[PDB]
Amino acid sequence: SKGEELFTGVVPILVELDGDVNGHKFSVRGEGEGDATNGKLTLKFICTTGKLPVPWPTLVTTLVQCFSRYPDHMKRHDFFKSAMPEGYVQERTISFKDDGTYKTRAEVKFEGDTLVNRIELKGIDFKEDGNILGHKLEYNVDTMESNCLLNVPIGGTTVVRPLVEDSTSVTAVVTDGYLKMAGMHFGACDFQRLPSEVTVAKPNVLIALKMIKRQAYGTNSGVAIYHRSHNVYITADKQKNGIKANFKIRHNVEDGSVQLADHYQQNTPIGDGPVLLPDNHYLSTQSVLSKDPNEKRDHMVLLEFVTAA
Amino acid sequence: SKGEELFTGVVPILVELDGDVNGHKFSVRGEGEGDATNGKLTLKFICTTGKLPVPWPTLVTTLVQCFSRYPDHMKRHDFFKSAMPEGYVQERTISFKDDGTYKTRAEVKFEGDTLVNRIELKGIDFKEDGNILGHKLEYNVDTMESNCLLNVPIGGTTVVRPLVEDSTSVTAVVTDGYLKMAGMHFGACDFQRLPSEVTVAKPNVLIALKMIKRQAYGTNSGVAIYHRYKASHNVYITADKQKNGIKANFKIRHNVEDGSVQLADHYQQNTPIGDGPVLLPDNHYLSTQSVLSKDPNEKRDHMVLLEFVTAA
Amino acid sequence: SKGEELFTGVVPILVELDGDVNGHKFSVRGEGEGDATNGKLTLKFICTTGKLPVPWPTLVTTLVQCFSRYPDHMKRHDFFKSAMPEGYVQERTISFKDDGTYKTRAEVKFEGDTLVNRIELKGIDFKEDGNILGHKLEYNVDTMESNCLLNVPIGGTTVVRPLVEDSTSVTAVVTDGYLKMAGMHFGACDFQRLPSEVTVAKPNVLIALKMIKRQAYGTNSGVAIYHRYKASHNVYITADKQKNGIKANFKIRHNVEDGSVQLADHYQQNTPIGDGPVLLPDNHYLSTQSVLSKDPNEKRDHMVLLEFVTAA
Amino acid sequence: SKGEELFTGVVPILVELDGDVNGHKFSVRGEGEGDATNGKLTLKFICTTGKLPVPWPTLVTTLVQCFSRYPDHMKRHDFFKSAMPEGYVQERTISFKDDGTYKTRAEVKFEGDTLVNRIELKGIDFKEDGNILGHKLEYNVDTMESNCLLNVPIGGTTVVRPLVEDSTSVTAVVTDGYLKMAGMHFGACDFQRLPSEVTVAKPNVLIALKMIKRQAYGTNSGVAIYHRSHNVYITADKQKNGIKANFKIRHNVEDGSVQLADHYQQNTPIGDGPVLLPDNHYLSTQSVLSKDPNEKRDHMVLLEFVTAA
C-alpha cells in the first residue's frame, strides 16, 4: 500500500498528552524514534507539570502502532500505515479492575516528516488510595513480560532485543550417585544411568524433554541438560471504516498481586482515503522500561518491539 | 530426638475437616500417605457433602507439617515431629485481601499407626460474588508454583517430583541467514557465524541497607549505620517460648481466573497437645511445592494433592 | 578413608626448598604446624643463605595442601591426605606475566610423625629489574586478600582468623542539619528525619548464556541453545585418571608496589608417591586465605605465614 | 574571588576533543551540565568519527576541574574558577606503564554562558596490541572506585552520590553454638558469650571494632555486627602563575591486573588577571560510568563528584 513507504526508514516521533485524573492535571511530552522495519521504538517521556498523578505503566499503552512490524504475508492487513500520512484517530477505554476507567482520544498523524501523536486522557472514578494513584505498580508493563534485554554479538556489533521464553529447559546435577533435578532431590541415580528422555506433565499437555548436552564432573558425578490474551487482538470495523482491538494488561503491583487493565480501542482514519481493512489478527508487544541515569526530572525511557501474526 | 523415629518410613494419613463458610456447611475427608524422608505427601480429598462452597486451593493449606523434610543439621528444630506421638494443635487465621477470613483449629496427632489431622474451619464476611465463594480461583496453590510434574525414569521406574522451573534457556533458530532468538527477529546472521556467548541484561536491582543503629550527638546532629542483612512465598516459622510452641507467617497468591491474584495472609500458631519436651526451633522457614490434579474417573468434588516441603 | 586419620590432630611441618632463579642460588627452611581440622597452617620460613633473591609472596604457593579442610561430604575427594603416609609429588609451573617462569618439583611425605615438604625450584628468563628480581612486590599473596587478622576473644582466649571483608556497610554523619554518607556531601537533612532504608545501585551485570548444542538444518540454517551454567582466585582441582593423580590450575595477582599487579599462572600436577588406592576426586576447588607477617625481633630474611584452606 | 560567582548555579558544559593516537584519528564531543556547589558533573560524550581507537576510561580524565567543590575554608585556593571567565590552559602528559604516553593541551574557557573545553590529544608510541588499543580496560576509572550509586531518600526525593567505603564492618553469625565471622569458622561459641569488642590487625594499625547491634535468632543462635596517591595532588607554580598537579590512575584491566596512568598536569591562566595561587592541597574525585539505554552510537554517560581538601 502507498503511504507505508514513508515507514521504510527511521521516523522521528513526538508524543503530546494532556490528562486530568480525578482532578489531578498533568501533561506528558515524549520524543524519540521508531524503526517500523523491525518494530523498534525508542522513546523518552517527561511529565511537563512535574508531579506525576499516575504511574507510567498505566499510560505506557496509552502513550503509535503504525511502527508495529507486519511481516510480508500480512502486509495487506496493516491498517495503521495505510491510514498515513493523513493519520487516524484512536479511541480507548481502559477499565481498571476494582477501580475506575480511563477514556482517551488520540490523533496519530504526520506533521512534515515527523510522526505526531496527540492525546486527551481522562480518569473518571479512580480511588485516591489505590494501586493506580498510590504508584503501587512495579514499573512493569505486563506480568508475563521479562523486563530484561538480550544482546547477541553479530559481526562486531551487539543487537539488543527483549527477552522471551521460547521453550522449557531443565538441568540435572548428579553428585556421588544422587540426583537433584529442578530444585528437587530424585534420590539415588548414576550419571551414566541418567535417562535420555524426561517427561513433564502440564494440566493439558505432556511435554517430552530430550537430553541436549552432558558433562562429566567426576567418576560418578556430572550435569545434564534437557530441553524442548496478552497480545492485542485486532478485528476490522467496516461500518466505521477502521479497526477495533481488545486486550488485557496485568500490571505487577508491589504486594504480589496484579492490577488488571482492560483495553478496548477503535481506530478510524482521519481523512478520506483507501485504508486496508484487515482480517482478524493480533500484535505481540514486548516492552522494556528504563531510566536515563543523568536525568533528574520525572521521566521514563521506553524500548518497545511489536510484531504481527 | 525421640518421636521423630515414627516418621522414618511412610505413614498413613487421614484428614477430616468440617467447615462453615458464610453459613455454607461442608465437610472434606482425605486419605493418603506421607514420607517424611523425602517430604512427600500424597493425598486424595473428597467433599463428603458433595459441592464444595470454596475452591480447593483455599483449603490446601488448612488441609501435617510434620512430614516436612528437616535436614540433619536442623533435626533439632523440627517441632512438629518432636510433639508426636501425642501431637500438636494448629490454629490458623487466613485473611483474604478484599474478602473475608478463615479461622481454623486443627489437631494433628497419632491414632494407632495413622496420622490424623482434624480441622474445624469457619469463613466470615465473604463476598458471595467474590473470588472465594464464586470459585474464581484457578485451581493453583501459588502463582509462582508450576502445577506441573517432572518424571525422570531411573532404574526402570519413573520418579515424579514437582517442577521448580528455575533455569534460564534461550533457543536460536537460523533460517536461510535470518536469526530468531527467543521469539524475536534479530536480523541477518549466518548459522556458522553464530556467537558462542550471548548476554542478558537484567533490570537494575537495588540492594537495600537498613538502619542498624543510631546515636544522637546533638540537637540536630548524630550518626547512623546502614547495613545489608544476611537474609515471601516460604512459610516463616519462629519459636514462641511464652506459649511453649511456634508461630508461623506467610502469604499465598492464589491465581484468579481473570489474570489477577487473590492474597491469603496466613498467620498460624502450633502448640503441643501433651506435656513433653518439644524442640523450640530457631527462626527458619519451609519451602513448599504442591501439585493439584484430579482423578478423571472420579465423580465427587475432589482434589488429588502431591506436596513436597523442605526446611532451611 | 584410611590415611586421613593421621591429620585428625595438629601435625608438625618441615619445609625445605633449594632454589636457583636466574643463576641466583638460595635455600629456604621453614617449620611449624598444621591443623587439618580447621585448615590452619602456622609456619615460619627463613632464608638459610640470607638474602632472598625473589620476594616471599612468589614462593608462598611453592612453599602442603593435605592440611586443607575437606568437609564431610567431600572427604572422599581429598587426594592429598589419601596419598599419605607415603606422600605425593607436586610439580608446579608458575608463568609470570611479562617475566620468567618457575619450575618446581616437591615431595610431600611423612617422616616419622613430621610432615616434610621438600622442594627444588628453578627460575628462568627473569628481568633483573623486573618486579620479581627487584623485590617490587608488596609482600601480599593476592590482591583480593586482606593481609589483616581478626581476633575474637572467646572464653578468655582470642581466636585469630584471616579477614575476608565481604560485608558492605555505610555510615551516616549528620552535623547541624547537613548529611555526609560514605564520604560524600548529601546536603541538608535532619538527624531525626534520616531515612530507615537507603539503596545502592550496582553496575549492570551481564549474565552470560553459553552455546550448549548446535544442529545444522541446512546450508545456512540451524538451531542453537544458550544456557547459564551452574558454576579465578580459587585453586581449581581436577582428576587425572590416566596419570592416576590430580591436576590443578589457578592465577595469583601479586600486588606490585607501584599499584599494578603481577600475574602468576600456576599449573600444577600431583601424583602419589607410592602404590596405593588414592581418592580420584571430582572437579572441585580450594579457597585459600593467607596472612604474611614478620617477627620484629628476627634478623634473618624471614616470613611468618598463617594460612586457611577450605574445599568446595 | 570575583568570577567564581558565575559558578553559583548550574553551568552548561561543552567538550570538544581532537585526538590522533598512533595514526588513528578521532574526535569526541560531549555535552552536559555541572553544578559547582556540590561538585556534580553530568555529561554525555560521543565519538563523532564512529570508530573508537582507545577506551573511554583512558581519556575520562583528559576529557573541567573548575566544577570541583571547594569548601569554604579553602575558597581562597580555588585557582580554576578564579581564572574564569577568561579561562585557563591545561597541559597534560599521561605516561602509561609499559606503553607510550599521551600529550594533551586544552583550553577551558567561557563562551557566553556556556563552559567550553577544547582539547588536542596525541598518542606517541602505544602498542597496537595492548590494554589501551585493545580496549582491555574494564570500563572503570580507578581500581579503588566503586562504580555503584548510593540513593538516600530525603524529603520525598532521592539524592544519588557515588559510594565510598567510610569504615570497616564485620558480621558474626552464631548457629547452635558455633560461630562464623567474616567467612571464617571460629569454633564453638555461645551467642550470649559473643565479645563486646573484636580486634583487627593491619600491617600498621590495630583497629578495634565494637558491637553495634545484636539480634537473637534462637535460643543459642543469632547475629551480631561490629563496626568502627589516588587523589589529584595540586601545588602552586608562581613562575608560570598557575598550578601543577600530579596523580596516578589504576585502570582495571580485564585479566585482573591494572594499567597505570601517570598524570602530570599544569594549568596557566589564559588572560591577564589576578588568579588565586593555592597552597598545596588535593582533589578527591569519584566517577560513575554508565550508558544511555536508548543510545546506539558509541557513547559514554559520566557522573562525577569532586571535593577539595
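Across peptide A:254-267, what mean number of C-beta atoms from other chains lies inside 10 Å of a residue's C-beta? Walk me through the numbers on the way to the answer.
Working: counts 0, 6, 11, 10, 8, 2, 4, 1, 2, 0, 0, 0, 0, 0.
Shielding by partners across A:254-267 averages 3.
Averaging over all projection directions, find the projected area of the Cα convex hull of the range B:1-146 and quote it in nm² with one decimal place. Before the final figure, lay out the partial values.
Values: hull surface 36.9 nm².
In nm², the orientation-averaged hull projection of the range B:1-146 is 9.2.
Please label the shape of the range B:154-243 as rounded, prolate or oblate, based on the square roots a ≥ b ≥ c of the eigenvalues of the alpha-carbon gyration tensor (a/c under 1.5 means rounded; beyond that, a/b larger than b/c means prolate, else oblate). It is oblate, given that a/c is not under 1.5 and a/b is not larger than b/c. The mean of 1/r over all pairs of different alpha-carbon atoms in chain C, once inverted, gives a Kirkwood hydrodynamic radius of 22.5 Å. Total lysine pairs in the range B:216-301 at Cα distances under 27 Å, for residues eight or more apart or on different chains: 6.
Would you calculate the convex hull of the Cα atoms in chain A and tell me its volume per residue in Å³? Spell out each step's value before the answer.
Numbers: hull volume 60.3 nm³, N = 309.
That works out to 195 Å³ per residue.
The label-point distance for A:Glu120 and C:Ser95, in a model that sets each label 7 Å from Cα toward Cβ, rounds to 7.4 nm. For the range D:192-257, the fraction of C-alpha pairs more than 16 angstrom apart is 72%. Considering only Cα-Cα distances, which of the following residue pairs are longer than 24 Å: C:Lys51/C:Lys103; A:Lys2/A:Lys103; B:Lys97/B:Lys202? Going by Cα-Cα distance, A:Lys2/A:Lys103; B:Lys97/B:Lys202 fall outside the 24 Å limit. Sorting C:75-87, C:162-174, D:201-213 by average packing, meaning the other beta carbons within 10 Å per residue, from highest down gives C:75-87, C:162-174, D:201-213. Just to confirm a number: summing +1 for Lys and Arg and -1 for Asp and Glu over residues other than B:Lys136 whose beta-carbon lies under 11 angstrom from that of B:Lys136, what do you get? Net of charged neighbours comes to -4. For the range C:214-298, the extents of the C-alpha atoms along the principal axes are 76, 47, 20 Å, listed from largest to smallest. The charge dipole of the protein assembly as shown, taken about its Cα centre with unit charges on the Cβ atoms of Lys, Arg (+1), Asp and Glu (-1) only, comes to about 620 debye.
Nearest 0.05, what FRET efficiency do A:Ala188 and D:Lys2 give at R0 = 56 Å with Cβ-Cβ as r?
That pair, A:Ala188 with D:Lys2, gives E of 0.10.
The range A:115-155 and the range D:69-142 have Cα centres spaced 42 Å apart.
For the segment D:195-208, counting C-beta atoms of other chains within 10 Å of every residue's C-beta and taking the mean gives 4. Here the contact order of the range A:169-227, divided by its residue count and restricted to Cα pairs under 8 Å and six or more residues apart, works out to 38 percent. Loop-resident GluC sites (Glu not before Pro) (DSSP state other than H, G, I, E or B) in the range C:246-312 with no more than 14 further Cβ atoms inside 10 Å of their Cβ: C:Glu257, C:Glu298. Relative to the compact-globule estimate of 2.2 N^0.38 Å, the Cα radius of gyration of the range A:118-198 comes out at 1.99. Here, P(r) means the percent of Cα pairs in each 10 Å bin from 0 to the largest distance; for the range D:177-309 it is 9, 20, 18, 20, 19, 9, 4, 1.
If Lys and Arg each add +1 and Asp and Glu each add -1, what is the summed charge of the other residues whose beta carbon sits under 12 Å from the beta carbon of A:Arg118? Please list the in-between numbers first.
Numbers: positive: A:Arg29, A:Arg105, A:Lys109; negative: A:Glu16, A:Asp18, A:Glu107, A:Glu111, A:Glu120.
Result for the neighbourhood of A:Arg118: -2.
P(r) tail for the range D:169-227, what percent of Cα pairs lie past 20 Å? Let's see the in-between values first.
Working: 352 of 1711 pairs.
Tail fraction, whole percent: 21.
With the simple spin-label model, which puts each label point 7 Å out from Cα in the Cβ direction, the D:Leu277 to D:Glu107 separation comes to 2.6 nm.
If the Kirkwood radius is taken over C-alpha pairs of the range C:62-206, then at 37 °C and 0.692 mPa s the Stokes-Einstein diffusion coefficient equals 153 µm²/s.
Could you give me D for the protein assembly as shown, from Stokes-Einstein at 25 °C and 0.890 mPa s, where the hydrodynamic radius is the Kirkwood radius over C-alpha pairs? Units µm² s⁻¹, please. All intermediate terms of the calculation are to be shown ahead of the outcome.
Numbers: Rh = 35.3 Å.
Using the Kirkwood radius from Cα pairs, D works out to 69 µm²/s.
Distance from the Cα centroid of the range D:175-196 to that of the range A:272-293 is 60 Å (rounded to whole angstrom).
Every number in this text was worked out from the coordinates using simple rules, so none of it is lab data. Cβ sites come from the backbone with ideal geometry, for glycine too, and all protein chains shown count toward neighbours.
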